[PDB]
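Here the structure comes first, spelled out in structure tokens, and everything after it is commentary.
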Amino acid sequence: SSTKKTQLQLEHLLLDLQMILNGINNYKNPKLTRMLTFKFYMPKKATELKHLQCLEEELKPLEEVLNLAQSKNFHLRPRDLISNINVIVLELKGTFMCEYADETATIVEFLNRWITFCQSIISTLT
Amino acid sequence: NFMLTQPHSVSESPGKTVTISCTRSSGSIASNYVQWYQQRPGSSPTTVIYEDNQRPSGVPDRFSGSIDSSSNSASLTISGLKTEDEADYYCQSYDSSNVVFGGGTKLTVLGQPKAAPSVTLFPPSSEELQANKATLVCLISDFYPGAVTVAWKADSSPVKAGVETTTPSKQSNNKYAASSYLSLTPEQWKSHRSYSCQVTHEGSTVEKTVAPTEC
Amino acid sequence: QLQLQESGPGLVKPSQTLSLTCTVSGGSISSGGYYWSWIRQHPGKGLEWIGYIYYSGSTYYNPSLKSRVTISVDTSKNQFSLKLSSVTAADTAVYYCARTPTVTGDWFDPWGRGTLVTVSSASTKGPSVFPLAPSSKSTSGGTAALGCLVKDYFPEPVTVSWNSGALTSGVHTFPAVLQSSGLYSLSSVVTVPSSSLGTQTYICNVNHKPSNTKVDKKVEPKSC
């Protein structure tokens with residue numbers, strides 16, 4: 001639809017990704033390191049919406065990593081949260097084949113990357 | 001997803017100590033924080049205990065929360081019972097699936113001695129049966145505290161369908177009254193030897209029975 | 001002070017879609033620190049979580065209500081709303097909007113005042129009165145319970161007197177029950193001496209002004 005709708009969908013995605021990031025950073029746990037060591041596949045280039053395939057394919061492991069680290073203090077509802085992230089991605093990505101970087105990263109770097117991605121596109125749309 | 005099972009009612013005299021249990025049906029109860037809400041009639045719920053045992057500023061020290069991993073339950077304990085503590089209490093926790101409330105517990109601060117309910121059960125009237133309808137009227141009165149459970153029985157078999165039960169309301173004598181209606185077809189009524197109205201109050205059950213005897 | 005206020009129709013007919021809106025005052029939907037929730041409570045029953053929304057727009061629902069609910073948020077007006085489709089009498093409840101922290105766990109503070117939503121599509125209807133005949137025996141110095149069934153009427157109230165008001169002792173008129181059909185039914189009973197059965201006339205006078213219904217039903221002892 002309008003250029004504004006894409007902008008609205010991106011910030012929706014952005015905020016959800018930031019929710020996960022901010023939740024993790026403020027998380028304080030002894031066995032928290034288990035969640036951070038896990039490697040995530042990264043996009044080689046994230047320039048346009050079509051590159052969101054790299055995020056989509058990594059959504060399920062993102063869910064599973066978050067699901068594994070679910071204590072009293074850390075409650076994010078991964079299944080529903082990712083589903084919310086997923087349906088937004090599909091509205092944006094809408095058969096490109098994801099190309100991945102050779103270097104893997106942690107969940108923090110993974111989140112920051114796609115957070116930067118949304119911000120990069122939004123700034124251009126404005 | 002799970003259920004939180006609370007007793008329907010608990011009661012003690014002023015100054016004593018009462019405990020309301022909250023049992024989780026599925027999953028460990030120590031895995032998720034348990035909250036306790038107090039609700040006065042016609043009013044919004046307020047927090048008395050959050051995060052298992054934390055107490056908001058303004059809530060008396062009489063309120064305390066605990067978690068029992070063995071029985072998979074959460075308990076709200078009130079010491080030095082006061083009349084202001086008389087209210088409904090809801091335990092609440094959460095899951096990866098959803099937010100789960102308990103069934104609720106009516107706490108009664110005894111101002112008068114406990115009274116067993118008086119139960120009167122009426123069979124379908126001849127006039128109603130001729131109208132191809134049937135209603136069994138179970139009238140419950142003069143009980144305290146104001147919390148009862150009503151179960152209907154066809155012969156010896158449980159009946160859940162066609163049952164409408166009122167919530168107990170205060171009488172003039174500060175006791176409570178309630179009524180339960182079992183909607184039936186004339187055929188269902190005649191097809192059984194007897195129907196029963198079972199009223200459970202404070203663990204005790206009062207039962208009345210009627211039979212389809214036309215004459 | 002942060003205060004929440006629910007806004008609804010108060011009265012809605014079945015199969016329609018219930019639209020509610022919560023207004024945040026003395027505060028704003030300006031941080032990711034909270035979820036914004038809807039909770040309801042059927043009259044005389046317990047609390048039931050409906051769902052909540054994050055200020056991003058992402059929603060989280062109750063599995064049992066997911067297929068019927070839809071929650072949206074308006075950060076500009078600091079409001080979030082709820083839509084509950086195809087309502088029935090089972091959806092009659094006091095609906096609360098509330099706030100709960102994220103990450104730390106689900107804990108609702110504060111709550112709104114709550115708004116009562118009544119779901120019914122019942123026209124004005126007069127009651128049918130059926131006699132509740134007393135026992136079939138005569139016990140020495142015993143009492144007998146007789147009454148009137150005031151069945152299927154709308155709306156409240158219904159007044160019940162006995163012998164045009166001459167009989168008041170032992171009279172107990174119970175609060176009505178709300179049937180799933182949306183119609184009310186109550187019962188009034190009198191405890192009388194069993195020795196007075198057959199010789200004494202007992203008549204209940206039912207008056208339902210909304211339908212201009214006046215019915216006098218004589219309650220005679222059972223034939224047994």
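Following the order of the structure tokens, chains are lettered A, B, ..., residues in each are numbered from 1, and ligands are numbered from 1.
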Under the rule of at most 12 Å, produce a per-residue listing of stretch 71-123 of chain B near stretch 127-146 of chain C: chain, number, name, the closest pair of atoms, and the distance in Å, as JSON lines, using only C-alpha atoms.
```
{"residue": "B:118", "atom": "CA", "partner": "C:145", "partner_atom": "CA", "distance": 11.6}
{"residue": "B:119", "atom": "CA", "partner": "C:145", "partner_atom": "CA", "distance": 10.6}
{"residue": "B:120", "atom": "CA", "partner": "C:145", "partner_atom": "CA", "distance": 7.6}
{"residue": "B:121", "atom": "CA", "partner": "C:145", "partner_atom": "CA", "distance": 9.4}
{"residue": "B:122", "atom": "CA", "partner": "C:132", "partner_atom": "CA", "distance": 6.6}
{"residue": "B:123", "atom": "CA", "partner": "C:132", "partner_atom": "CA", "distance": 7.9}
```
Just the residues within 9 Å of stretch 73-89 of chain A, please, counting only C-alpha atoms, with nothing from its chain fewer than 6 positions along; format it as a PDB file with C-alpha atoms, in the first residue's frame.
```
ATOM      1  CA  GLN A   9       5.348  -2.372   9.650  1.00  0.00           C
ATOM      2  CA  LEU A  10       9.093  -1.823  10.023  1.00  0.00           C
ATOM      3  CA  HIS A  12       6.507  -2.660  14.579  1.00  0.00           C
ATOM      4  CA  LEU A  13       9.189  -5.208  13.703  1.00  0.00           C
ATOM      5  CA  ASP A  16       9.623  -6.279  18.832  1.00  0.00           C
ATOM      6  CA  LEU A  17      13.288  -6.982  18.103  1.00  0.00           C
ATOM      7  CA  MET A  19      11.972  -5.825  23.181  1.00  0.00           C
ATOM      8  CA  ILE A  20      13.935  -9.067  22.968  1.00  0.00           C
ATOM      9  CA  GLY A  23      14.942  -7.970  27.876  1.00  0.00           C
ATOM     10  CA  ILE A  24      18.187  -9.890  27.417  1.00  0.00           C
ATOM     11  CA  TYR A  27      18.465 -10.080  32.353  1.00  0.00           C
ATOM     12  CA  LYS A  28      20.623 -11.146  35.304  1.00  0.00           C
ATOM     13  CA  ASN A  29      21.170 -14.886  35.701  1.00  0.00           C
ATOM     14  CA  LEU A  49      13.172  -5.810   2.262  1.00  0.00           C
ATOM     15  CA  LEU A  52      14.450 -10.359   5.308  1.00  0.00           C
ATOM     16  CA  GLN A  53      14.490 -14.023   4.264  1.00  0.00           C
ATOM     17  CA  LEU A  55      15.777 -13.181   9.376  1.00  0.00           C
ATOM     18  CA  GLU A  56      12.750 -15.386   8.667  1.00  0.00           C
ATOM     19  CA  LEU A  59      13.226 -17.047  13.482  1.00  0.00           C
ATOM     20  CA  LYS A  60      12.562 -20.629  14.582  1.00  0.00           C
ATOM     21  CA  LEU A  62      15.498 -17.656  17.767  1.00  0.00           C
ATOM     22  CA  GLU A  63      12.275 -18.992  19.277  1.00  0.00           C
ATOM     23  CA  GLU A  64      13.951 -22.174  20.500  1.00  0.00           C
ATOM     24  CA  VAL A  65      16.882 -20.310  22.058  1.00  0.00           C
ATOM     25  CA  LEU A  66      14.495 -17.976  23.887  1.00  0.00           C
ATOM     26  CA  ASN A  67      12.328 -20.935  24.909  1.00  0.00           C
TER      27      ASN A  67
ATOM     28  CA  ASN B  32       6.358 -18.731  37.260  1.00  0.00           C
ATOM     29  CA  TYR B  33       5.588 -15.930  39.727  1.00  0.00           C
ATOM     30  CA  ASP B  95       2.756 -19.629  31.237  1.00  0.00           C
ATOM     31  CA  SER B  96       4.363 -19.622  27.804  1.00  0.00           C
ATOM     32  CA  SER B  97       0.815 -20.278  26.613  1.00  0.00           C
ATOM     33  CA  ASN B  98      -1.315 -17.765  28.547  1.00  0.00           C
TER      34      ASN B  98
ATOM     35  CA  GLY C  57       1.162  -3.671  18.073  1.00  0.00           C
ATOM     36  CA  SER C  58       1.989  -7.319  18.728  1.00  0.00           C
ATOM     37  CA  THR C  59      -0.823  -9.214  20.441  1.00  0.00           C
ATOM     38  CA  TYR C  60      -1.067 -12.154  22.846  1.00  0.00           C
ATOM     39  CA  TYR C  61      -4.392 -13.908  23.400  1.00  0.00           C
ATOM     40  CA  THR C 102       6.948  -7.190  30.432  1.00  0.00           C
ATOM     41  CA  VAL C 103       9.706  -9.784  30.921  1.00  0.00           C
ATOM     42  CA  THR C 104       9.452  -9.826  34.738  1.00  0.00           C
ATOM     43  CA  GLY C 105       6.143 -11.677  34.539  1.00  0.00           C
ATOM     44  CA  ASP C 106       2.404 -11.140  34.202  1.00  0.00           C
TER      45      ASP C 106
END
```
Checklist entry - Do you know which residues are at most 9 Å from residue B:124 counting only C-alpha atoms, after dropping those on the same chain fewer than 2 positions away, and could you put them as a list in words? => result residues 122, 126, 127, 128, 129, 133, 134, 135, 136, 137, 184, 186, 189 and 212 of chain B; 132 of chain C
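Residues lying within 9 Å of stretch 28-31 of chain B, counting only C-alpha atoms and ignoring same-chain neighbours fewer than 3 positions away, are residues 70, 71 and 72 of chain A; 23, 24, 25, 34, 52, 67, 68, 69, 72, 73, 74, 93 and 95 of chain B.
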Next on the checklist: Just want the 12 Å neighbourhood of residue B:180, counted on only C-alpha atoms, with same-chain residues fewer than 3 positions away dropped. Output as a ChimeraX atom specification.
Outcome noted: /B:119-122,135-141,148-152,160,162-168,177,183,196-199 /C:174-179,185-187
